[PDB]
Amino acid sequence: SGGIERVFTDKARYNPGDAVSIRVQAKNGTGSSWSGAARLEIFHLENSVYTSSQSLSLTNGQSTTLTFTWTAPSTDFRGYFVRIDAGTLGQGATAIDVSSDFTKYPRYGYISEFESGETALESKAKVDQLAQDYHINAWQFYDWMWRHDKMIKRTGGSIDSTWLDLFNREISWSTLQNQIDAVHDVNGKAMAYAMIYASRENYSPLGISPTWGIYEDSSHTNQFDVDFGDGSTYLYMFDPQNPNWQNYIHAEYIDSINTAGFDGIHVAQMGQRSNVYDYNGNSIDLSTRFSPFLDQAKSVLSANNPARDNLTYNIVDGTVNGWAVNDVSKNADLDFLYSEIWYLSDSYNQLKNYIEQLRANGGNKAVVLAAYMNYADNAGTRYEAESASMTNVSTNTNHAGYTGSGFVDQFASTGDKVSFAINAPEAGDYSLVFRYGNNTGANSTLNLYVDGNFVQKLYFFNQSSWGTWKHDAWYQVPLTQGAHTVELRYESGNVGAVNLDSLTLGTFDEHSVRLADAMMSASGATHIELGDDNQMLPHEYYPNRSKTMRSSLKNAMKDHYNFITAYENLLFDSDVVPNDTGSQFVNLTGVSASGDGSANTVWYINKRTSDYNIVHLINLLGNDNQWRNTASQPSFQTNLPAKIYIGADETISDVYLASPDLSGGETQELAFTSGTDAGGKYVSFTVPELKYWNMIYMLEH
């Protein structure tokens, strides 16, 4: 299908009645002149709702961009699938969301970089790329602010043109305003990251009072804090129910909306803290104190500007009945729910049950998860340090836990070097990740050279023994396709020493990422995972680029995001509920099945709306039951016979199967038969292909 290179729209979301411009980028590479038609067809679920055609002739090697126009139908909150057929030139797909309000079907991305060198054109391109490729309709702006308690830096009444954030990055006001403008141009919303309860160090000259603080004891001796490890930089924590702190920080939220032009506030927190006291020594349960803060915040935001009053709150460490889970999801006036998952919902099934709880508690508000894929894994192509070209250092095996046949030791003085000969299979960004040991008692440093040029000085953190390997020393660089040299040098001005195990081209595992996203969306949530210039999120610190997506995963993500936009009505509507009572059952011939996301099975998940019986098949054949870690390619299946049991209450008019894995998400209608036996009333068919994820939607009269 390689002639049709891109299919996309001008915006990420449309109001009913809007003109939608569908673009088709085509290039003739058949080796000789081509003449024919490009045929557009738009579907809402199983139903075709628009078709149109344009003739197309291209000389060998010739490219062009067609435009089809369409008016968004008048029914609000509907997703559409888009097919482009150009015959022998190939085909393509995209999707369209018609929604007056993104908080119904949020597709959340992020921006975390605000360099002054970034032009308005480049800011537009990075927003356009996410909007066009994935229909991202909201961006979380991460670490834009000057201080947590003084977000826009001013000299007198004048906004400073740049400022340094808490890690000393330079934030450009003009770059930030350009990005916000670009987001608004695609009908996106810009959400400002802000803490619920943080000031920075030395807060009293800003008129903030310790008497508004939360404390670790009843004598106001130690205020809860966050220690960034340099002996100066901290956050201090405050009581979200305190009316003075609310006054203070809600005014900063408002300033951010009105001055910077944000469309809402993404309210963050640090997560569970125990045995909390106010300044006067009253014992308080912090977990029930967010909801009153958030209700009040929503009130002043909505009063200030009903169009820029969006609000969510991070439920940190999400799990069924987790800390603050019930109080927030049930009582807080939020537009959608957001939760960062750590280690309390490690299996696919646990995480499914948590999403389900959030959906039920919130009255089927939208749910977005932050769930950093491959977080603990040194995923990617590995080059063993002991197999590299090393100067004035030699190999060893005398501390356990190394990969390969050993590691490089005593990397500790001027003239020492290790040079890796790597290959980039495609042009693009590469995360260069070093697994190392350092027990010198302080940070150690080395200079990084790529193809003979100095790129950065890198820091290698002190660990607690020499048998303690880490892989948090990394740097991302652009590489051309083919051979390169990556070199670490101990030069003048470097300090300490390291053991070096390996270099890895830090890469998100395509397989795990597809399974996790399928699981989440089939359960009823989306996933904040894409941001900046086509980065995927590796870590809670969003500017982290310790892993990169390769092209094969970028395509799978385009398909996935096309799929969750096109079928948003079947995945995320307030209609959509679990179909969990009745002993409902799926039988697959030749493969192990399971209803609870067991290892090495095809998982079925049962959902429904008033019109459809929906069955998701998620293919864990050949893989474990953990969602975050790396995975192998699933055992793909062909012509899989299936039979789905249904309440005798139900009669099924049609069987439809759509998958982001198959023909871009396009629905196929399947022939099926009904019957009855010992197991109850059933329907039966052949699934032609299961790779990662199939959604079966079956129409009921």
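All residue numbers are counted from 1 along the displayed sequence.
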inquiry  = Please compare 40-48 with 644-652 and say which has the higher mean C-alpha temperature factor in the record.
reply    = 644-652
ask   = With respect to the recorded C-alpha B factors, which stretch has the higher mean value, 242-250 or 588-596?
value = 588-596
ask   = Highest Cα B-factor in the deposition, which of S546, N349, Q140, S405?
value = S405
note = For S345, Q481, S521, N629, the deposited C-alpha B-factor is largest at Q481
inquiry  = Taking only the Cα B-factors deposited for this chain, tell me whether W466 sits in the lowest, middle or highest third.
reply    = highest
inquiry  = Quick check on the deposited entry: does the C-alpha B-factor of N222 sit in the lowest, middle or highest third of its chain?
reply    = middle
ask   = Going by the entry, which third of its chain does the Cα temperature factor of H616 land in?
value = middle
message = Please place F411 in the lowest, middle or highest third of its chain according to the CA B-factor in the PDB entry.
response = highest
message = Using only modelled residues of the chain, where does the Cα B factor of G496 rank: lowest third, middle third or highest third?
response = highest
